[PDB]
4 protein chains.
Amino acid sequence: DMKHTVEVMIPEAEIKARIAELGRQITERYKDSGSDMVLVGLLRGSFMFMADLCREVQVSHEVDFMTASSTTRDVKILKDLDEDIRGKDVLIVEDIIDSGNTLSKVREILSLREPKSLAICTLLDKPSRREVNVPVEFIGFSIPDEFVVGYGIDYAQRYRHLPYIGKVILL
Amino acid sequence: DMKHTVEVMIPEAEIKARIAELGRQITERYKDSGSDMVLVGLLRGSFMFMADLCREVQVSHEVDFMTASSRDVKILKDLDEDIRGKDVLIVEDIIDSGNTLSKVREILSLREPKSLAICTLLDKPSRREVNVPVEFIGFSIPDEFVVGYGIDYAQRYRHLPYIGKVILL
Amino acid sequence: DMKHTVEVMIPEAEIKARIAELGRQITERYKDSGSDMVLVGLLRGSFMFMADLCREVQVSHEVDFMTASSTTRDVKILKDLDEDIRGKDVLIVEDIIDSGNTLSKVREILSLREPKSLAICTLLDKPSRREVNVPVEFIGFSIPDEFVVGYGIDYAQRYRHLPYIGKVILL
Amino acid sequence: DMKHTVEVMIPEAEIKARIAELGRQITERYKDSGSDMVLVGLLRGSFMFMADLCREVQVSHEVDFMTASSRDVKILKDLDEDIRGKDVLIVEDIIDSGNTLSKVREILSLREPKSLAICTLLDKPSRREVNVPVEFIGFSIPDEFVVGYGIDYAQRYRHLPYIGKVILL
Ligand SMILES: O=c1[nH]cnc2c1ncn2CCN(CCP(=O)(O)O)C[C@H](O)CO
Ligand SMILES: O=c1[nH]cnc2c1ncn2CCN(CCP(=O)(O)O)C[C@H](O)CO
Ligand SMILES: O=c1[nH]cnc2c1ncn2CCN(CCP(=O)(O)O)C[C@H](O)CO
Ligand SMILES: O=c1[nH]cnc2c1ncn2CCN(CCP(=O)(O)O)C[C@H](O)CO
Ligand SMILES: [Mg+2]
Ligand SMILES: [Mg+2]
């Protein structure tokens, strides 16, 4: 709770263009698989991104969601997937990776169910903060070490509905 | 699950146009409230609708989600945030019989929000078993079986950008 | 986290005797109903109490569990019942009621599903702290305004496994 | 769900006797560890067993619960507390095929507890599809269909104080 402003870091039209590209790449990757495919979103930050991305993926797939939450602390499953991923191409859709702990542990958890394949697509990557090295196949934007909001991403529950990515500026 | 096909019924552009109008209406009804606002989506069907709709709502608000299932309506995943004293708009993909939004409205009512309204993308008005008040409606449609824009048929077609009609063979 | 001791308030043999009585009363109440009956425990404090009580209930019933958690704050369902209670005699089994808010809201939530009947059985009642008046049909012990542990009830996660009820004494 | 009857197989007193021995064994194995201990029950079947067993364990520990379900093993309700760096004893009503405790052990393993052991009330050794290590066993039994002491038959008989055998007609 600090006096702040929001400033545009990635305008809406840039996000739209990037998601279109991610879309084409993802499609190219899975179009020939033949196995069932599911996009798994991590809630609730990733709802907007998932919504726009899955519309740009020209491959028949399912959409499902999982809610996880973690001074370390264990990553625990508040809400598991509705569907089985065994034998399917799974794509994990996340809003932001910075430390990597969360994606890292979630990938481990999902791998136990033996999907045909397992990959991650994150809209924003903040590598300056990476602690655990985790392989991310698809990245929309690598960004500077700034606290961003919008496009599903909140600051203290606020700003998820902004159609662009922006940064919180203090004082 | 039978052999079939999918035809466009509501093009992407018409949805986008309608959602913009819903945006203005919702903004208008809540612009002056002052209290905190939250849109609550019912997963999974409402996620896409929610994504486009909240972007058209020009009032500061929070976004939350809930997963309910039957039989008696049971909560698989409750809201993350409190809604007490707040303007709450439930966002849903379809109302048909009315059973779901009926029981969800009851449950959330107990938390004593400032206000409680419903916004549904699709209304099938016929076959209404329990009559629930819905303030905002995207489209009223006949008793057609549709898929797309979040709505599945046996887990398929959720990612279509249009509403489509399943055609059996 | 304070230096403390535990002292016996209700010895194990007293709890056993009381649960036996509660058992007989509950049995008397529902033996003629004919409708299905379910005992609903509130987790996780009530697991021990449920375990012992349901063994003293001579009526065919189901056992199910719910996990709820609440500066007020909303009572939210972390884990709902597995079974439907519509048309059944439902007995809510709780370890302690002191303020009453929790039982109060949980009863409201469960009533919406239209059980044949709805009642509460709590092992410990701390009425000096009652804020909301909530009707409790079955009570094991009304107790003084002391912080108790044991018999499923924790102090900072500690002491659930004690076979008796005791009080935490500071310094 | 067919017409049937229920006969005692393991009387209440024999269970109580066995659980006391399990108590001494578990206490012995963990008395000197120093690290924090937690018993983790898998709901619903294990709640009664857990209630009697934890009372016989003479080492400070926490009690936690987990609800899993299938197919792929999915978590309906995760633990409330962290188990990292702790001695964790999974408490379960029955191991048969081994699939359940297998996947649950994997999942919990990822949280990197100090140690990870299993205590099961009943072992049906036959029909073991995946071989999982179980440190503590109440009773090994034939491939009989039993109910009671937490164990249901179509949601019935969980509250019996003995283990019983269902007899079909
Ligand atoms: O700039 C930010 N805005 C808002 N949230 C952030 C930001 N930077 C990290 N977070 C937390 C995002 N994650 C942590 C990702 P990890 O460290 O495990 O790689 C928390 C959830 O994804 C919530 O979005
Ligand atoms: O054409 C359809 N496609 C896909 N789902 C449908 C359709 N017609 C009714 N449904 C079911 C919608 N359910 C039930 C609504 P209720 O009858 O309770 O008013 C809504 C659920 O949230 C699933 O989206
Ligand atoms: O002496 C106590 N020991 C341990 N926990 C307590 C005590 N007194 C109240 N609590 C909290 C118990 N409840 C609150 C009951 P409410 O105020 O809603 O009537 C919390 C859960 O039941 C956890 O057991
Ligand atoms: O006689 C029985 N009564 C009641 N349930 C049984 C019985 N025999 C196997 N089961 C199923 C026990 N499940 C599966 C154990 P797995 O085959 O995975 O090793 C255990 C679940 O936790 C349900 O209690
Ligand atoms: Mg559906
Ligand atoms: Mg069972």
Side-chain angles (χ1 to χ4, degrees), chain C residues 6 12 15-16 19 23 26-27 36-69 77-84 88 91 93 95 149-164, chain D residues 6 12 15-16 19 23 26-27 36-69 75-83 86 89 91 147-162:
Chain C
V6 174
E12 163 184 356
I15 303 174
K16 188 184 190 307
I19 293 193
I26 290 160
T27 311
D36 293 335
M37 179 186 190
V38 39
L39 305 210
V40 174
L42 295 182
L43 296 173
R44 45 201 154 104
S46 71
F47 81 91
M48 190 156 310
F49 180 46
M50 173 75 83
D52 293 354
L53 184 62
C54 73
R55 277 177 282 195
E56 299 303 319
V57 175
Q58 309 303 326
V59 181
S60 293
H61 61 280
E62 304 166 58
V63 184
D64 204 340
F65 292 94
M66 162 166 6
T67 308
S69 193
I77 299 182
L78 305 179
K79 173 61 170 69
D80 214 340
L81 302 177
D82 294 308
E83 301 307 322
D84 295 330
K88 302 176 172 184
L91 183 65
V93 172
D95 51 350
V149 299
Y151 206 84
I153 304 163
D154 76 288
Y155 166 51
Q157 298 326 303
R158 181 173 176 181
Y159 305 124
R160 287 184 202 278
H161 46 85
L162 303 187
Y164 58 95
Chain D
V6 173
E12 170 178 352
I15 304 180
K16 166 183 185 64
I19 279 184
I26 287 153
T27 309
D36 289 329
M37 192 179 180
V38 44
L39 315 202
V40 176
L42 314 176
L43 291 181
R44 281 176 282 169
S46 80
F47 80 95
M48 193 172 294
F49 180 40
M50 170 73 90
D52 299 345
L53 180 67
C54 70
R55 274 179 283 189
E56 302 300 322
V57 165
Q58 302 302 327
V59 174
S60 303
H61 59 281
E62 307 169 293
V63 179
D64 211 329
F65 286 105
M66 158 165 211
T67 305
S69 181
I75 302 169
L76 303 190
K77 214 301 178 162
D78 211 332
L79 277 44
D80 298 317
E81 305 294 324
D82 300 313
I83 65 165
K86 299 178 182 187
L89 182 65
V91 182
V147 300
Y149 200 77
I151 301 151
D152 72 307
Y153 167 38
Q155 302 319 319
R156 286 166 283 169
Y157 310 115
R158 284 182 199 287
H159 51 87
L160 296 188
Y162 55 91

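Chain letters run A, B, ... following the sequence lines, proteins first and then strands; every chain starts at 1. The analysis underlying the following values was restricted to heavy atoms, covering all of them including side chains, and did not include hydrogens, waters or symmetry mates.
The most heavy-atom pairs under 4.5 Å with chain C, out of D:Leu160, D:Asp52, D:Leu76, come from D:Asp52. Among D:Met50, D:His61, D:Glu12, D:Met48, the residue making the largest number of heavy-atom pairs under 4.5 Å with chain C is D:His61. Heavy-atom pairs under 4.5 Å with chain D peak, among C:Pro163, C:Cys54, C:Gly41, at C:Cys54. Top candidate by heavy-atom pairs under 4.5 Å with chain C, chosen from D:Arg158, D:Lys77, D:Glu81, is D:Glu81.
Annotation: cation-pi geometry not satisfied between C:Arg158 and C:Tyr155 (NZ/CZ under 6.0 angstrom from ring centroid, within 45° of ring axis).
For D:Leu43, the part sitting under 4.5 Å from any heavy atom of chain C is the side chain, from C-beta outward, and nothing else. For D:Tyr149, the part sitting under 4.5 Å from any heavy atom of chain C is the side chain, from C-beta outward, and nothing else.
Evaluated for a side chain to side chain contact (heavy atoms under 4.5 Å, CB included) with C:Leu91, the options C:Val38, C:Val59, C:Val40, C:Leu39 yield exactly one hit, C:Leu39. Between C:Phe49 and the options C:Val93, C:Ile153, C:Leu42, a side chain to side chain contact (heavy atoms under 4.5 Å, CB included) holds for only C:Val93.
Between C:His161 and D:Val57 the shortest side-chain heavy-atom distance does not fall below 4.5 Å.
Residue pairs that meet the salt bridge (charged side-chain N to carboxylate O under 4.0 Å, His left out) test with at least one member in residues 56-68 of chain D, sequence neighbours left out, are D:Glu62-D:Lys86.
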